[PDB]
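Here's the structure we're looking at; comments come further down.
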Amino acid sequence: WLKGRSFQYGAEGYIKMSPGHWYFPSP
Amino acid sequence: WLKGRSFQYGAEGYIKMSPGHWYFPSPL
Amino acid sequence: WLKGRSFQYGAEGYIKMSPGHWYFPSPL
Amino acid sequence: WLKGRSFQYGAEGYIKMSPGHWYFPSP
Amino acid sequence: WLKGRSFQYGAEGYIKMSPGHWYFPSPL
Amino acid sequence: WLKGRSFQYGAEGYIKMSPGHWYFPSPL
Amino acid sequence: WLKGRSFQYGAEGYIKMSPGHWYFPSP
Amino acid sequence: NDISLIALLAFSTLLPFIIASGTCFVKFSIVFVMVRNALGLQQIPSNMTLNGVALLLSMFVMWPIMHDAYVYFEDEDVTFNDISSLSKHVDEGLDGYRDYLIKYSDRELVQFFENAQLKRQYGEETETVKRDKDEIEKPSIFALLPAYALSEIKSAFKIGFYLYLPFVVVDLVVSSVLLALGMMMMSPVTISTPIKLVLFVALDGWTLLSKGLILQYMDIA
Amino acid sequence: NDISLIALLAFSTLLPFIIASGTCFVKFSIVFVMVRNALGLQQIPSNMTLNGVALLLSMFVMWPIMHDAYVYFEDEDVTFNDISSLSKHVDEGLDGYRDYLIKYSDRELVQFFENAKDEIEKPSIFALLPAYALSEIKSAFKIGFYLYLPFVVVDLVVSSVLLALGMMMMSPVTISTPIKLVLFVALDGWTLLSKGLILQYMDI
Amino acid sequence: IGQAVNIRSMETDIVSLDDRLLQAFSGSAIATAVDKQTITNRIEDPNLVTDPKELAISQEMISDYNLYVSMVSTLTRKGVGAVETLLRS
Amino acid sequence: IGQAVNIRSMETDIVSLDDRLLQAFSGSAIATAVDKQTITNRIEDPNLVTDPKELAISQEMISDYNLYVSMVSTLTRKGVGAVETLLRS
Amino acid sequence: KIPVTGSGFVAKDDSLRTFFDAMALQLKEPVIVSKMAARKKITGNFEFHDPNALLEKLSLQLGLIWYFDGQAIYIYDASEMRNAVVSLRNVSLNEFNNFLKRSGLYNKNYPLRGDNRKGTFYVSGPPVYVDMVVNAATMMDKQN
Amino acid sequence: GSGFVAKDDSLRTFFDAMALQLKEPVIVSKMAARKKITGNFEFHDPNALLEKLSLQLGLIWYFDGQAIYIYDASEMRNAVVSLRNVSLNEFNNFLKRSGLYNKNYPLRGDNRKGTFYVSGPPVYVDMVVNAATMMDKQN
Amino acid sequence: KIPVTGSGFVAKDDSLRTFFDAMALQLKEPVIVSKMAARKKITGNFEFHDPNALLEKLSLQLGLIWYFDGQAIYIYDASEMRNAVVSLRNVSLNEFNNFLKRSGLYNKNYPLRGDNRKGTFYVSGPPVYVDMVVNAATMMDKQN
């Protein structure tokens with residue numbers, strides 16, 4: 001999923017699928 | 001272009017990350 | 001290495017991809 | 001008669017055959 | 001898409017309706 | 001199930017068929 | 001390099017590659 | 001302070017002739033008359049509306065340039081205390097329009113007008129300026145927009161030749177298949193006009209040429 | 001109220017360009033000329049009396065959009081204490097025009113103009129008015145090819161029956177133009193294309 | 001004497017065009033509507049009309065309303081005439 | 001000197017736009033006829049024009065009568081001017 | 001002809017105006033829904049056993065505000081809530097708040113926020129509530 | 001348990017589903033309704049989830065007793081206002097006695113003086129400005 | 001599906017608006033970045049564990065100015081720094097610096113340059129700091 005995407009890893013992790021799109025993955 | 005090693009940058013300089021599975025695809 | 005790019009070498013480094021683009025790999 | 005129609009059943013019953021059309025059936 | 005069962009909804013949650021012959025044509 | 005529709009599950013459920021459309025089946 | 005260019009030699013040498021371009025070599 | 005309003009209203013009155021010459025409306029208007037002429041249609045599509053559709057794209061591109069003028073000139077500290085700094089302020093206000101003229105005008109056609117204006121100014125003894133001025137020196141605002149408007153007429157006719165080509169390839173083969181028969185006394189443009197209209201509506205040249213012109217000034221994402 | 005007197009005048013002085021570019025008058029005024037060029041006529045009937053009936057025909061299906069903005073803007077709640085709530089109120093008035101434009105414009109082209117779903121927010125009014133006019137000129141060209149097509153056949157068949165005889169040096173425009181318009185009056189094509197042109201936007 | 005000012009202007013990049021003009025229109029309509037009341041209730045209040053200290057202010061605000069709306073009238077007239085000269089051809 | 005008002009504004013269906021315009025014309029010609037005969041009966045009664053309080057009232061009815069018919073005149077003028085440019089094309 | 005054994009309303013792609021008119025008999029008052037709040041749609045099998053408790057739950061799930069002024073039930077959507085702050089010269093808040101209770105307009109869900117003996121107070125709610133509160137508080141100081 | 005499964009929702013329909021677990025309606029602005037969210041959320045501590053999401057997406061919010069207004073971060077405005085005959089302390093007592101005191105965006109200024117600095121949501125500052133300038137004219 | 005178990009933000013060509021809101025939870029205030037400073041881009045692996053020194057280092061390496069007013073963190077570029085000279089008639093500079101110290105709007109990075117007990121001084125900084133200090137020093141003279 002994270003080929004060209006920017007994302008934050010750690011406790012509060014998410015993946016920005018777009019400049020205006022957030023994806024919160026369930027553990 | 002960094003053959004194997006990888007760093008992260010915050011507030012003091014550079015930190016040597018642990019060896020892991022995922023690598024950063026490098027733009028040049 | 002860093003073929004047509006300007007950089008700021010030594011212990012806190014960054015490559016300038018464009019005039020308005022900063023990239024922060026390993027300390028160059 | 002009622003396929004895509006909205007209607008009220010019970011004591012006071014009617015069938016809305018359109019957004020502006022009421023059908024009061026005879027008992 | 002509901003396979004046989006049907007409920008009605010008002011003011012307290014859902015109520016299991018009595019089994020009859022009429023079924024709701026499902027938009028899905 | 002509920003192919004691409006967003007829904008709010010548990011004991012008081014509704015499916016959003018569209019940004020301006022609510023559907024109230026059995027509690028998903 | 002210094003065929004059609006104007007430059008200053010001596011202690012602090014530089015080559016004006018253009019009316020709006022300076023080149024500072026490291027000896 | 002009061003005559004700053006005179007300078008504003010005098011700028012206001014000369015506005016649409018600046019839109020007639022200075023902006024890129026001259027690229028859209030010419031190529032839109034050319035796509036009317038190449039199809040053979042004379043009156044339709046009623047060019048009073050074709051001015052409007054060509055104007056709205058040019059305003060749609062010109063809006064970020066003209067918008068910075070309002071925020072720069074509605075500043076409460078326009079009024080300076082020196083006569084040369086106040087004349088400096090209108091130059092650095094006009095620089096965002098002026099480098100736009102620099103980017104889209106021709107090199108040598110701009111370069112010809114300074115040499116032509118200087119020998120009028122002083123005389124023949126003024127030595128000519130070459131290309132090498134470009135790195136430091138800026139031309140005047142009244143020596144740019146002639147060479148700008150000629151360069152944009154060159155680019156609009158450059159576009160207008162290309163889509164004129166796929167219609168005359170049709171108009172020669174129809175005039176040849178009619179002479180393959182013995183139908184010499186026949187007007188071929190009345191048979192050529194349907195298949196000229198199909199080659200533009202099946203190709204849909206409006207909705208890709210319109211994107212092409214906005215791509216010639218701005219980019220997407 | 002005094003600033004609204006400007007915008008009320010500013011619509012009125014700009015009306016013959018918005019009606020020139022933002023309605024179906026361009027499609028009616030374009031098909032009514034190529035039917036003359038299809039028949040091989042030049043100045044008959046005019047450019048004036050064809051624009052007049054095209055204006056009234058476009059004024060039928062366009063009047064209820066213009067009519068609702070009156071009755072919506074006559075209401076007493078134009079006094080608002082907030083700047084942005086009045087900006088919302090004038091945004092809520094133009095939705096009769098926006099829903100008219102999105103129906104006949106292309107979503108990809110207006111997405112292109114938007115870059116330089118639609119239920120939560122409507123796209124801006126300047127982002128789609130050329131996309132509407134550029135869609136109407138294309139659709140009027142496409143429908144213009146169709147009714148052009150049967151008169152080519154009468155133009156060809158009499159030129160072939162004259163070439164079937166030896167008379168090859170004979171101008172067929174003096175013979176086809178009689179046969180051209182009887183095809184248009186035995187069809188009674190005038191009273192029916194205005195029908196389906198009205199039915200293309202307004203339902204029965 | 002009570003005053004208030006807001007300092008930071010809202011500013012961003014909208015590729016949308018009409019809503020900036022809607023904010024310009026509402027910002028002018030409200031500022032011309034609040035002052036027609038402020039001059040009218042200054043004139044119907046019979047205490048303010050008698051004081052020569054308050055009268056010097058009262059002549060000012062009728063000129064500030066006068067020059068403002070006349071400026072927008074002449075700018076728009078040249079604006080709608082400029083588009084007229086290109087489209088009428 | 002003892003007045004009356006009517007409260008019913010009836011509605012008849014229009015059968016066309018032509019049927020709409022006949023009501024809008026007849027509804028406006030009555031108001032412009034009545035207000036001018038109101039200001040004449042205000043003037044021709046000479047005891048109304050000698051009192052200070054009724055004079056600003058007649059000033060208001062004057063300025064409304066001028067602004068009403070001037071606003072319908074310029075609007076109908078620009079309306080038929082909008083017709084002429086489209087018919088010229 | 002109409003076979004369902006219960007007593008309730010079946011809605012198939014309604015438009016929130018024909019829906020609330022079906023509840024306008026079990027509620028004893030007519031319901032008035034605005035224009036922007038009539039573009040949403042509802043479908044499903046409903047049952048109005050008690051409407052004043054059903055309307056509170058649907059007004060929180062759909063996102064809506066409503067108000068009952070003794071004769072009708074106005075319904076707006078949540079993006080139309082207007083707010084305003086207004087001051088009073090010679091009537092206090094405790095005297096103005098008894099006018100609402102004695103009239104029958106004191107809404108306990110949208111109360112009046114402010115200091116107990118002052119001129120200023122902060123009101124917010126539906127537009128039929130705001131243009132009633134601002135006018136009925138302004139027309140009590142011109143009298144005094 | 002309850003919860004919401006958002007799939008490319010438009011951030012107005014996401015906070016409308018939380019308007020039942022929160023007991024008040026939520027009014028999201030126009031510029032703040034362009035971002036999008038997707039994922040599985042569980043509403044069991046909403047006031048702790050609203051602040052954590054409002055700091056990661058970038059938003060400001062203000063609950064005044066009747067609704068929860070939600071803007072984004074680029075719309076925060078500010079002002080400075082001078083009072084002639086009332087001080088800051090009893091105006092803060094007006095906000096504490098009324099219920100409009102917001103501890104995230106307090107008033108910056110000297111404690112018994114005329115000038116102070118306000119910053120917050122646009123529905124907050126137009127109330128504090130209009131309530132402050134309507135107490136000097138009453139006093 | 002997410003990589004190595006440390007803490008950090010991976011930036012693959014962001015545009016300084018989606019980057020600082022990721023730092024907007026470690027900073028406990030929202031961050032407002034201007035339009036001229038939102039055209040630059042950044043790429044790399046970053047790690048926030050004390051952000052007030054990281055913002056100080058990146059504001060010098062990229063070229064930026066910033067101001068924390070107690071409720072938000074405004075960020076401008078260096079070409080937006082404005083300055084002004086204002087003269088105080090009826091109050092001094094030390095009695096204005098006590099207002100800035102007691103109000104918590106005092107900033108040691110951009111102090112006030114001037115004589116210690118006079119009326120004229122010199123301010124410079126971000127436009128939200130200059131538009132606050134000019135209007136807050138003019139509105140105190142009309143009080144005195």
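Chain labels run A, B, ... following the order of the structure tokens; each chain numbers its residues from 1, and ligands are numbered from 1 in the order shown.
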Which residues of chain F sit at most 8 Å from chain E, using only C-alpha atoms? Give each one's shortest atom pair and distance in Å (one decimal place), in chain and ascending residue order, as CSV.
residue,atom,partner,partner_atom,distance
F:2,CA,E:28,CA,8.0
F:11,CA,E:13,CA,7.1
F:12,CA,E:13,CA,6.1
F:24,CA,E:9,CA,7.6
F:25,CA,E:7,CA,7.1
F:26,CA,E:7,CA,6.0
F:27,CA,E:14,CA,7.5
Least-squares Cα fit of chain G to chain A, output as a compact mmCIF listing (two decimals) with N, CA and C atoms, in the first residue's frame:
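part.txt, written as the output of this step:
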# COMPACT_ATOMS: atom_id res chain seq x y z
N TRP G 1 0.69 -1.08 0.19
CA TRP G 1 -0.10 0.13 0.07
C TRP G 1 0.79 1.36 0.13
N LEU G 2 1.86 1.28 0.91
CA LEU G 2 2.73 2.42 1.18
C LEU G 2 3.91 2.46 0.21
N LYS G 3 3.59 2.65 -1.07
CA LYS G 3 4.65 2.79 -2.06
C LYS G 3 5.00 4.26 -2.30
N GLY G 4 4.00 5.05 -2.69
CA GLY G 4 4.15 6.48 -2.85
C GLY G 4 3.48 7.31 -1.78
N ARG G 5 2.93 6.66 -0.77
CA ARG G 5 2.20 7.36 0.27
C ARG G 5 3.11 7.78 1.42
N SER G 6 2.65 8.78 2.16
CA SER G 6 3.27 9.23 3.39
C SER G 6 2.42 8.82 4.57
N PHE G 7 3.06 8.24 5.58
CA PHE G 7 2.33 7.67 6.69
C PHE G 7 3.07 7.94 7.99
N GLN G 8 2.36 7.79 9.09
CA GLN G 8 2.95 7.93 10.41
C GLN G 8 2.85 6.56 11.06
N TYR G 9 3.98 6.02 11.50
CA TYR G 9 4.03 4.74 12.18
C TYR G 9 4.28 4.93 13.67
N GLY G 10 4.06 3.86 14.42
CA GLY G 10 4.32 3.87 15.84
C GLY G 10 3.08 3.51 16.63
N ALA G 11 2.66 4.40 17.52
CA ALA G 11 1.50 4.13 18.36
C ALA G 11 0.20 4.38 17.60
N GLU G 12 0.00 5.61 17.14
CA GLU G 12 -1.20 5.99 16.40
C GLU G 12 -0.81 6.12 14.93
N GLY G 13 -0.89 5.00 14.21
CA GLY G 13 -0.46 4.96 12.82
C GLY G 13 -1.59 5.33 11.88
N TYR G 14 -1.25 6.08 10.83
CA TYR G 14 -2.23 6.34 9.78
C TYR G 14 -1.51 6.55 8.46
N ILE G 15 -2.24 6.34 7.37
CA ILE G 15 -1.69 6.47 6.03
C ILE G 15 -2.43 7.56 5.27
N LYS G 16 -1.71 8.60 4.87
CA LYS G 16 -2.35 9.67 4.11
C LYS G 16 -2.35 9.21 2.67
N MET G 17 -3.48 8.67 2.21
CA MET G 17 -3.57 8.17 0.84
C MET G 17 -3.56 9.27 -0.20
N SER G 18 -3.79 10.50 0.22
CA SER G 18 -3.90 11.65 -0.66
C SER G 18 -3.74 12.88 0.21
N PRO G 19 -3.48 14.05 -0.38
CA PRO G 19 -3.48 15.27 0.42
C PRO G 19 -4.79 15.55 1.14
N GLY G 20 -5.91 14.98 0.68
CA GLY G 20 -7.16 15.13 1.38
C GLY G 20 -7.80 13.81 1.76
N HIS G 21 -7.01 12.82 2.19
CA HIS G 21 -7.57 11.50 2.48
C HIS G 21 -6.69 10.82 3.51
N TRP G 22 -7.30 10.39 4.61
CA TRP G 22 -6.64 9.68 5.68
C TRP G 22 -7.18 8.26 5.76
N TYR G 23 -6.32 7.32 6.14
CA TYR G 23 -6.73 5.93 6.30
C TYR G 23 -6.26 5.47 7.67
N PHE G 24 -7.20 5.11 8.53
CA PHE G 24 -6.91 4.66 9.89
C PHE G 24 -7.09 3.16 9.98
N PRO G 25 -6.02 2.38 10.01
CA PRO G 25 -6.17 0.93 10.06
C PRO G 25 -6.37 0.46 11.49
N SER G 26 -7.03 -0.69 11.61
CA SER G 26 -7.28 -1.31 12.90
C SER G 26 -6.35 -2.49 13.11
N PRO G 27 -5.33 -2.38 13.97
CA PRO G 27 -4.38 -3.46 14.21
C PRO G 27 -4.89 -4.48 15.23
Quiz prompt | range 25-33 of chain H environment, 10 Å, only C-alpha atoms, sequence neighbours closer than 4 positions dropped, as number ranges by chain | solution = H: 19-21, 37-38, 42, 45, 47, 50-59, 61-62, 149-161, 163, 210, 213
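The set of residues in chain A assigned to strand (DSSP E or B) by DSSP, using only backbone atoms of this structure, is residues 6, 7, 8, 9, 14, 15, 16, 17, 18, 21, 22, 23 and 24 of chain A.
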Export, as a PDB file, in the first residue's frame, the selected residues with N, CA and C atoms.
ATOM      1  N   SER A   6       2.742   8.870   1.932  1.00  0.00           N
ATOM      2  CA  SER A   6       3.324   9.300   3.191  1.00  0.00           C
ATOM      3  C   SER A   6       2.453   8.825   4.344  1.00  0.00           C
ATOM      4  N   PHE A   7       3.094   8.373   5.413  1.00  0.00           N
ATOM      5  CA  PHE A   7       2.354   7.778   6.508  1.00  0.00           C
ATOM      6  C   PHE A   7       3.114   7.976   7.803  1.00  0.00           C
ATOM      7  N   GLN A   8       2.418   7.764   8.914  1.00  0.00           N
ATOM      8  CA  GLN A   8       3.028   7.879  10.228  1.00  0.00           C
ATOM      9  C   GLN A   8       2.897   6.535  10.926  1.00  0.00           C
ATOM     10  N   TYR A   9       4.012   6.019  11.440  1.00  0.00           N
ATOM     11  CA  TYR A   9       4.052   4.739  12.133  1.00  0.00           C
ATOM     12  C   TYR A   9       4.277   4.945  13.623  1.00  0.00           C
ATOM     13  N   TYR A  14      -1.203   6.226  10.875  1.00  0.00           N
ATOM     14  CA  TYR A  14      -2.182   6.334   9.806  1.00  0.00           C
ATOM     15  C   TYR A  14      -1.453   6.434   8.481  1.00  0.00           C
ATOM     16  N   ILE A  15      -2.223   6.367   7.399  1.00  0.00           N
ATOM     17  CA  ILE A  15      -1.670   6.411   6.050  1.00  0.00           C
ATOM     18  C   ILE A  15      -2.424   7.472   5.268  1.00  0.00           C
ATOM     19  N   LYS A  16      -1.701   8.440   4.708  1.00  0.00           N
ATOM     20  CA  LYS A  16      -2.326   9.505   3.935  1.00  0.00           C
ATOM     21  C   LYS A  16      -2.413   9.045   2.494  1.00  0.00           C
ATOM     22  N   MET A  17      -3.590   8.559   2.100  1.00  0.00           N
ATOM     23  CA  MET A  17      -3.777   8.103   0.722  1.00  0.00           C
ATOM     24  C   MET A  17      -3.819   9.245  -0.280  1.00  0.00           C
ATOM     25  N   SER A  18      -3.974  10.466   0.199  1.00  0.00           N
ATOM     26  CA  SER A  18      -4.035  11.673  -0.606  1.00  0.00           C
ATOM     27  C   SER A  18      -3.700  12.821   0.325  1.00  0.00           C
ATOM     28  N   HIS A  21      -6.855  12.759   2.544  1.00  0.00           N
ATOM     29  CA  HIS A  21      -7.451  11.450   2.787  1.00  0.00           C
ATOM     30  C   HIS A  21      -6.614  10.725   3.827  1.00  0.00           C
ATOM     31  N   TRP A  22      -7.278  10.277   4.887  1.00  0.00           N
ATOM     32  CA  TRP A  22      -6.654   9.563   5.988  1.00  0.00           C
ATOM     33  C   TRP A  22      -7.189   8.143   6.051  1.00  0.00           C
ATOM     34  N   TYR A  23      -6.311   7.184   6.321  1.00  0.00           N
ATOM     35  CA  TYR A  23      -6.708   5.790   6.462  1.00  0.00           C
ATOM     36  C   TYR A  23      -6.195   5.295   7.804  1.00  0.00           C
ATOM     37  N   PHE A  24      -7.112   4.932   8.707  1.00  0.00           N
ATOM     38  CA  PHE A  24      -6.764   4.459  10.041  1.00  0.00           C
ATOM     39  C   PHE A  24      -6.909   2.949  10.073  1.00  0.00           C
TER      40      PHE A  24
END
Put chain F on top of chain B with a least-squares fit on all C-alpha atoms, paired in order, and send it back as a PDB file with N, CA and C atoms, in the first residue's frame.
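Contents of the output file out13.pdb:
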ATOM      1  N   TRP F   1      15.366   5.149  -5.369  1.00  0.00           N
ATOM      2  CA  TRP F   1      16.485   5.324  -4.463  1.00  0.00           C
ATOM      3  C   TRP F   1      16.072   4.842  -3.084  1.00  0.00           C
ATOM      4  N   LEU F   2      17.048   4.292  -2.351  1.00  0.00           N
ATOM      5  CA  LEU F   2      16.833   3.623  -1.068  1.00  0.00           C
ATOM      6  C   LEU F   2      15.816   2.494  -1.233  1.00  0.00           C
ATOM      7  N   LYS F   3      16.297   1.482  -1.962  1.00  0.00           N
ATOM      8  CA  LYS F   3      15.555   0.506  -2.756  1.00  0.00           C
ATOM      9  C   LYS F   3      14.305  -0.051  -2.082  1.00  0.00           C
ATOM     10  N   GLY F   4      14.482  -0.726  -0.955  1.00  0.00           N
ATOM     11  CA  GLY F   4      13.356  -1.235  -0.203  1.00  0.00           C
ATOM     12  C   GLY F   4      13.449  -0.906   1.267  1.00  0.00           C
ATOM     13  N   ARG F   5      14.335   0.013   1.612  1.00  0.00           N
ATOM     14  CA  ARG F   5      14.623   0.325   3.001  1.00  0.00           C
ATOM     15  C   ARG F   5      13.633   1.353   3.519  1.00  0.00           C
ATOM     16  N   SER F   6      13.176   1.159   4.745  1.00  0.00           N
ATOM     17  CA  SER F   6      12.368   2.172   5.398  1.00  0.00           C
ATOM     18  C   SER F   6      13.266   3.245   5.994  1.00  0.00           C
ATOM     19  N   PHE F   7      12.819   4.493   5.925  1.00  0.00           N
ATOM     20  CA  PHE F   7      13.635   5.602   6.390  1.00  0.00           C
ATOM     21  C   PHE F   7      12.732   6.672   6.976  1.00  0.00           C
ATOM     22  N   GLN F   8      13.347   7.608   7.686  1.00  0.00           N
ATOM     23  CA  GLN F   8      12.640   8.697   8.348  1.00  0.00           C
ATOM     24  C   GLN F   8      13.282   9.981   7.853  1.00  0.00           C
ATOM     25  N   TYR F   9      12.560  10.730   7.032  1.00  0.00           N
ATOM     26  CA  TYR F   9      13.164  11.805   6.263  1.00  0.00           C
ATOM     27  C   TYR F   9      13.013  13.158   6.938  1.00  0.00           C
ATOM     28  N   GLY F  10      13.903  14.065   6.555  1.00  0.00           N
ATOM     29  CA  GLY F  10      13.780  15.475   6.850  1.00  0.00           C
ATOM     30  C   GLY F  10      14.635  15.957   8.002  1.00  0.00           C
ATOM     31  N   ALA F  11      15.829  16.469   7.681  1.00  0.00           N
ATOM     32  CA  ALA F  11      16.697  17.287   8.532  1.00  0.00           C
ATOM     33  C   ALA F  11      17.312  16.558   9.727  1.00  0.00           C
ATOM     34  N   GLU F  12      16.818  15.365  10.042  1.00  0.00           N
ATOM     35  CA  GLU F  12      17.428  14.448  11.002  1.00  0.00           C
ATOM     36  C   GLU F  12      17.004  13.065  10.519  1.00  0.00           C
ATOM     37  N   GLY F  13      17.840  12.458   9.691  1.00  0.00           N
ATOM     38  CA  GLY F  13      17.453  11.293   8.924  1.00  0.00           C
ATOM     39  C   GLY F  13      18.238  10.072   9.343  1.00  0.00           C
ATOM     40  N   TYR F  14      17.613   8.911   9.226  1.00  0.00           N
ATOM     41  CA  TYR F  14      18.337   7.674   9.411  1.00  0.00           C
ATOM     42  C   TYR F  14      17.670   6.618   8.559  1.00  0.00           C
ATOM     43  N   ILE F  15      18.460   5.684   8.066  1.00  0.00           N
ATOM     44  CA  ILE F  15      17.940   4.555   7.316  1.00  0.00           C
ATOM     45  C   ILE F  15      18.036   3.311   8.181  1.00  0.00           C
ATOM     46  N   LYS F  16      16.996   2.492   8.149  1.00  0.00           N
ATOM     47  CA  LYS F  16      16.969   1.250   8.908  1.00  0.00           C
ATOM     48  C   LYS F  16      17.367   0.147   7.940  1.00  0.00           C
ATOM     49  N   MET F  17      18.633  -0.266   8.021  1.00  0.00           N
ATOM     50  CA  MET F  17      19.139  -1.328   7.155  1.00  0.00           C
ATOM     51  C   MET F  17      18.541  -2.689   7.475  1.00  0.00           C
ATOM     52  N   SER F  18      17.980  -2.831   8.661  1.00  0.00           N
ATOM     53  CA  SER F  18      17.434  -4.060   9.207  1.00  0.00           C
ATOM     54  C   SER F  18      16.596  -3.654  10.402  1.00  0.00           C
ATOM     55  N   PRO F  19      15.766  -4.549  10.940  1.00  0.00           N
ATOM     56  CA  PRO F  19      15.060  -4.206  12.184  1.00  0.00           C
ATOM     57  C   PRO F  19      15.980  -3.847  13.347  1.00  0.00           C
ATOM     58  N   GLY F  20      17.248  -4.250  13.326  1.00  0.00           N
ATOM     59  CA  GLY F  20      18.169  -3.840  14.363  1.00  0.00           C
ATOM     60  C   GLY F  20      19.417  -3.127  13.871  1.00  0.00           C
ATOM     61  N   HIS F  21      19.303  -2.253  12.867  1.00  0.00           N
ATOM     62  CA  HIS F  21      20.488  -1.638  12.272  1.00  0.00           C
ATOM     63  C   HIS F  21      20.129  -0.240  11.803  1.00  0.00           C
ATOM     64  N   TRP F  22      20.907   0.738  12.247  1.00  0.00           N
ATOM     65  CA  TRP F  22      20.719   2.133  11.890  1.00  0.00           C
ATOM     66  C   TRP F  22      21.920   2.658  11.128  1.00  0.00           C
ATOM     67  N   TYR F  23      21.653   3.411  10.070  1.00  0.00           N
ATOM     68  CA  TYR F  23      22.682   3.999   9.235  1.00  0.00           C
ATOM     69  C   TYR F  23      22.377   5.482   9.164  1.00  0.00           C
ATOM     70  N   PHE F  24      23.392   6.326   9.345  1.00  0.00           N
ATOM     71  CA  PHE F  24      23.205   7.772   9.445  1.00  0.00           C
ATOM     72  C   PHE F  24      23.981   8.499   8.354  1.00  0.00           C
ATOM     73  N   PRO F  25      23.488   8.497   7.125  1.00  0.00           N
ATOM     74  CA  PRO F  25      24.066   9.363   6.103  1.00  0.00           C
ATOM     75  C   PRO F  25      23.448  10.744   6.149  1.00  0.00           C
ATOM     76  N   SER F  26      23.707  11.538   5.110  1.00  0.00           N
ATOM     77  CA  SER F  26      23.127  12.845   4.807  1.00  0.00           C
ATOM     78  C   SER F  26      21.614  12.896   4.979  1.00  0.00           C
ATOM     79  N   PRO F  27      21.044  14.056   5.355  1.00  0.00           N
ATOM     80  CA  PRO F  27      19.626  14.093   5.728  1.00  0.00           C
ATOM     81  C   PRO F  27      18.712  13.860   4.544  1.00  0.00           C
ATOM     82  N   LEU F  28      18.097  12.685   4.511  1.00  0.00           N
ATOM     83  CA  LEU F  28      17.268  12.286   3.391  1.00  0.00           C
ATOM     84  C   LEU F  28      15.943  13.033   3.399  1.00  0.00           C
TER      85      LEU F  28
END
